[PDB]
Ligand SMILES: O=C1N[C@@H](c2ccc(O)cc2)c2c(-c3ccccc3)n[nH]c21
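Presented as structure tokens, the chain that follows is alone, the form solved without this ligand.
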């Protein structure tokens, strides 16, 4: 990553074994459950494009997913090139990043450091991270196991467990249905609650 040092200057630091291992095990244990996205974002804090590629490439499984992510990345890089075309460079001068440069495939670590620490800085790490998260959200939605239409409170299911399933599914797929899909008893209670009830009030009512 790029991080600030005691002297107050942005400098490159090696990605730590703890971060690498953390990402790899997150993916191993959670697959593409939605909460893996914020974790990724936090673990790639300050990441260069090289670091983002390191994190993605250290994943051993889910290679269908990783190829889909390559597709998204290439699409976003093509659009970047459409918006920001690039014009031999002047001796010793910063060149303009193209899509494959932001994705870290045609740019060196040193060039990425130069862009990210330029004044004004070109945050190629954050732009690339945005593309990656776009692709990852596509994957989260794709691997969502169940439709919100199929989450219905069981006849003996505590209302809390049902709401947990409901908003877990809703998060993967990225509230009147909540009442509609409740079971008869709770549905009666919630119908009686009236309009404008908070989720807190509903969960207390069916407790």
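For the two forms, the rigid core is made up of the largest set of C-alpha atoms that agree within 1.5 Å on superposition. Residue numbers count along the first chain shown, from 1.
For 191-199 versus 9-17, the mean Cα distance to the shown form in 6 other deposited structures of this protein after rigid core alignment is larger for 9-17. Figure legend: residue 114 is marked as modelled in all of the other comparable entries of the protein, none of which omit it, let alone a third. Notably, residue 89 is an intermittent gap: at least a third of the other compared entries of this protein, restricted to those modelling both its neighbours, have no coordinates for it.
In the deposited entry, the stretch joining residue 146 to residue 147 is continuous, with no residue of the deposited sequence left without coordinates. Where coordinates are absent for parts of the deposited sequence, a chain break appears; between neighbours residue 87 and residue 88 it spans 1 to 3 residues. As listed in the deposited structure, the average C-alpha B-factor of 176-184 and of 31-39 is greater for 176-184. The PDB entry records a higher mean C-alpha B factor for 156-164 than for its counterpart among 156-164 and 50-58. In this PDB entry, residue 129 carries a Cα temperature factor that places it within the lowest third of its chain's modelled residues. Sort the modelled residues of the chain by CA B factor and residue 72 lands in the lowest third.
Split the chain's modelled residues into thirds by C-alpha temperature factor. Residue 142 is in the highest one. Among all modelled residues in its chain, residue 102 ranks in the lowest third by Cα B-factor. Residue 14 sits in the middle third of its chain by CA B factor, as recorded in the PDB entry.
Just so you know, the form deposited with this ligand bound exists too; it's not on screen, but the next bit is about it.
Site status: open, since this ligand, placed here by C-alpha superposition from its pose in the deposited complex, has no atom within 2.4 Å of backbone or C-beta atoms.
Every member of the trio 66, 73 and 103 reaches this ligand in the deposited complex with some non-hydrogen atom inside 4.5 Å. Contact annotation for residue 53: at least one heavy atom lies within 4.5 Å of this ligand in the deposited complex.
With a 4.5 Å cutoff on heavy atoms, residue 57 counts as touching this ligand in the deposited complex. Heavy atoms closer than or equal to 4.5 Å to this ligand in the deposited complex belong, across 110-135, to one residue only: 128.
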